Structure formats: structure tokens, C-alpha cells
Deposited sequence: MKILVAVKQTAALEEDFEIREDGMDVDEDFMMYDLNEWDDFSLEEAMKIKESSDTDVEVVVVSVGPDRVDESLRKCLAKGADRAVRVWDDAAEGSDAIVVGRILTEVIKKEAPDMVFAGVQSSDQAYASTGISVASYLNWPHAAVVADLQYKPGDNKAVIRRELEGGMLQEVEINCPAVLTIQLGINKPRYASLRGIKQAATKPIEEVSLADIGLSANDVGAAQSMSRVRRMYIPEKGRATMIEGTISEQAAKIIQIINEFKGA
């Protein structure tokens, strides 16, 4: 019994970040990397399944990315993931959600898990695409935005609740194995803050022609800092800031 959890090490930008000279991305000097928030919940959900079960449940985390990602994978192991896999070659640089979907699927075909979990979206690019792309390449049952999962290892169906717009859920009975994209709030990750197996493209039968920017389903023309709305910033002491809020409250 095996749950494979696809995880992403996301980038967040520091203040005063700048676009690269080529205009295709932000300068990496301004990026701080950490595990995608959604992945904390997906991993916790797999761990909850492992702990609920008498049957052995192997929890394997898999990420497609460069060597920085090892740090995130190690923390997943420290939190109780059984194994961790990083897939990379430089040729994979610029791979969009669909291409990463394809790469992940090549690993999943070999791991042959009973369930695959992915986050609903990434905090950085927020494609909300990768997990469901995996489901397509696997040709597996799937559901996106899962806020509750009723599943016992070995079951050929699960009941999920998807979190919908406007404060409602929908119960869905789904065939297993399945790919599920996991939503914030499904659980309360306990650690709220074994080597890593390194896999090349060759190791999974892929080449530069299968991956990277040229194989993606859109091309970046440019990235830029848009002019956005600007607030009226109330400077001063805490007293005068509060005083101004109350004046606005009284105006209202």
C-alpha cells in the first residue's frame, strides 16, 4: 500500500525584487524557497492514512526540480515520509504544469502507488493544473479541491468532499486508485512551521525533447511588475493611525 505525494518547493520574492535583464523571470537572488503550503496538508493527509491503518502504508514524496528541492524533501522525510524522490535534469528548466505532469507520471508509473495526492495549486505560480495533468497522463479517476477524504487503504472507492464556491461542499464517490488535489484545511498539519533518491530524465526514459520550455503549452513573452492599485498609506504613530481609522469609521 503506497501513497505518492507530489510536492513542489515554491519561491516567494523578497522586497525590492527585480526582473532579470532578459525579462523572462525574476532575478533568483530575490527568491526564498520553501515547501508549497498545500503540500503540508497533502503530506499530512497521507500520514493520517498511514497512522489510521494496521496495513503498511508507504508514503513517498516526489518533486521535479533542481538540487535546492532536496532541502524540502528532507523535511518531508523528517515529518515521516518513508521515501523521497527528486527528478531533474537542466533540460527540464521552464517546464510548465503539463510537462511537469508528464515527468511526474513517468515516476508514478514505476512507483505504482494506490493513491496520488497533489496540492490544489502552488503558492508561487498558482496554475492549479499539475495534479490534474498527472491524472490525464495516468488515465486515472480524479477530483480537484478535496477538503475531506474517507478512504481505507485497499478500498476500490473513496468518498471525498470538494470545497466549492460560496460555502458549500460536494460529496463525491470516486474510484481508486485516484489522483486527488488536496485543499487547505483538510487537516491540521502537526509540524506547522533515508537519503533522497535522485532520478535523471534518462532514468525515466525521457530526453531534453520531452521537457522544458519548448514542450510547454504556452510560451512566456515577458514577466513584468505591473502598475497596481495604491492605497492611501496613513503614516504616523499608532495613536494617529488609530485616530484616522476612527474618523473613517465615523465618516461611514
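Residues of the deposited sequence missing from the coordinate set occupy positions 194 to 202, 262 to 264.
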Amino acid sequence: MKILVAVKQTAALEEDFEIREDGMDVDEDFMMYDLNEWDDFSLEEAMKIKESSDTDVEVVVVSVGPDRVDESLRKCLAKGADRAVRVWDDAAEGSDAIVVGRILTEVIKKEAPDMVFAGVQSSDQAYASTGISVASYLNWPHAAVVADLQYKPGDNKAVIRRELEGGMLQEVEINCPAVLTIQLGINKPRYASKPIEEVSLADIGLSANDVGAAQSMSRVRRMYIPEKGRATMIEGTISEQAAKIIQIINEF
From here on, numbers count along this sequence of modelled residues.
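Heads up, when I say rigid core I mean the largest set of C-alphas that superpose within 1.5 Å between the two forms.
Taking 27 to 35 and 184 to 192 in turn, the stretch whose Cα atoms are more displaced from the shown form in 5 other deposited structures of this protein following rigid core superposition is 184 to 192. Put simply, when the other structures in 5 other deposited structures of this protein are lined up on the rigid core, the C-alpha atoms of 223 to 231 lie farther off than those of the other stretch, from 43 to 51 and 223 to 231. Comparing 40 to 48 with 26 to 34, the stretch with the higher mean C-alpha B-factor in the PDB entry is 26 to 34. In this entry, 15 to 23 has the higher mean Cα B-factor, the comparison being between 15 to 23 and 229 to 237.
Across 90, 173, 111, 148, the entry's maximum B-factor at the CA atom is seen for 90. Comparing C-alpha B-factors across 154, 166, 141, 119 in the deposited entry, the largest value falls on 154. Per the deposited record, the Cα B-factor of residue 55 falls in the highest third when ranked against the other modelled residues of its chain. Ranked against the other modelled residues of its chain, the C-alpha B-factor of residue 162 as given in the entry falls in the lowest third. When the CA B factors of the chain's modelled residues are split into thirds, the value for residue 209 lands in the highest one. Placement of the Cα temperature factor of residue 216 within the chain: middle third of the modelled residues, per the deposited record. Annotation for residue 64: CA B-factor lies in the lowest third of the chain's modelled residues.
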